[PDB]
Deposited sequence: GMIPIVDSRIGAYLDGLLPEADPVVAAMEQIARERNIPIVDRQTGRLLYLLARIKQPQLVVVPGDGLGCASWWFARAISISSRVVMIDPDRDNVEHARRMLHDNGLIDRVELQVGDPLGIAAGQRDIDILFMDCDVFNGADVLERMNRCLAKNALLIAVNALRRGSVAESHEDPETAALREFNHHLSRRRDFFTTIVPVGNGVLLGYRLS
């Protein structure tokens, strides 16, 4: 357990009615057995992006375009979410979802190698990452140069390694791991 099950149950009870887009995506994930960002985590992503007001958000790997949806909902047309996934299915699901909901205008989607393609970006304001898929150390070796001044690294599934300690021991980042969902590491570039 990350947080007491009674606390988690309570926080869920306080939730508003779900967005049918999110409810629909949660069904597809469930059946295709695709892991996706839980709802408390997605809400945090949305909050963070609204506060941060990023111009560029990069998402290397995104099951059903789930993270991309939370981020897209948070930015205006003057900004962009760039999503890359190696599975054409995740990309086509995401595309249809964003198109249908009037957000495709601010989201760039590509089928391919996530970090391979993501590294072509510059001045990234928010870099999203899934610890279940990539090792932070590997990610930063290839992406640190793509980060904007005061960029925010958001790493999900951070609690459930060497990376959590490392990012917490370097002068160029202010890092904290919040116990939301499966743990979310937030690394702010100083």
* Would you flag the ranges of the deposited sequence that the structure leaves without C-alpha positions? => 1-3, 164-179, 210
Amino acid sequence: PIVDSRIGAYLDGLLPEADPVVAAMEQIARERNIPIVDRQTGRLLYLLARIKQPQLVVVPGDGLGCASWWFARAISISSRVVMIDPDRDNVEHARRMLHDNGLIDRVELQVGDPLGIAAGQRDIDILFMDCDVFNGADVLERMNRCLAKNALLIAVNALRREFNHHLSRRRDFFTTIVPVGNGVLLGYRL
From here on, numbers count along this sequence of modelled residues.
* Asked: Of the two stretches 177-185 and 20-28, which shows the higher Cα B-factor on average in the entry?
  -> 20-28
* Averaging C-alpha B-factors over each stretch, which comes out higher, 32-40 or 53-61? -> 32-40
* Taking the values straight from the PDB record, which of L140, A155, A148, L48 has the highest C-alpha temperature factor? -> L140
* Which of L98, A74, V111, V82 ranks first by CA B-factor in the deposited coordinates -> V111
* Considering only modelled residues of the same chain, in which third does the CA B-factor of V133 rank: lowest, middle or highest? -> highest
